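In the form deposited in one PDB entry, a lone chain appears below as structure tokens.
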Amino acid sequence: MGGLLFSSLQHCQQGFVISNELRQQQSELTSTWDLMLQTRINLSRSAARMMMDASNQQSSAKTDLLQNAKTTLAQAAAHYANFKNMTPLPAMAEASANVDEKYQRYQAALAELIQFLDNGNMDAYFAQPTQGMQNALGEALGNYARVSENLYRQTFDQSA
């Protein structure tokens, strides 16, 4: 914004300390959603290959699309672990708990789907209610985003 933003160095610096945590927290969450979606996509392209069958050598249990799924899923929980390590801010603590809930469920879901397809079991792949659990975490993360956005807005002058 521009002009008259902060009452003093104490007020500017206070707003920096909150915004710099917020930022780091949000970086971790953003990278965790992003690698869970790449994992879902990489399960999808595996399964579609599976379903074209006749196939070509090894495709299902082993070979490398599923290995890719295993890698991006194992990078998303690492970012979540960095998130979980961080100081819960008072203003963010409900949002953050609601996030862990749906995160836990969508991680587990994703991990399971990897084992279904590694077992070649396409009916279980499709039987799992994956999208409801993906969306729930989407809504929890958009709920965190909003609450971070309000906390962030209170750090500088309310008048533009």
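One rule holds for the numbers: they count along the sequence shown, beginning at 1. For clarity, a rigid core is taken as the largest C-alpha set superposing within 1.5 Å between two forms.
We do not show the form deposited with a small molecule bound, though everything after this point is about it.
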_Option from 27-35, 119-127, 66-74, 95-103 whose residues, in the deposited complex, bring a heavy atom within 4.5 Å of the small molecule_ = 119-127
_C-alpha displacement of 2 Å or more between the shown form and the other one on the rigid core, among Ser31, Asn68, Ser60, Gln134_ = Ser60
_With a threshold of 2 Å on the C-alpha, tell me if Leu22 counts as moved between the shown form and the other one once the core is superposed._
no
*asked:* Between the shown chain and the other structure, the Cα gap of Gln58 to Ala48 differs by 3 Å or more. Is it closer or farther in the deposited complex?
replied: closer
*asked:* Knowing the shift is 3 Å or more, I'd like to know if the C-alpha atoms of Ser46 and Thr63 are closer or farther apart in the deposited complex than in the shown chain.
replied: closer
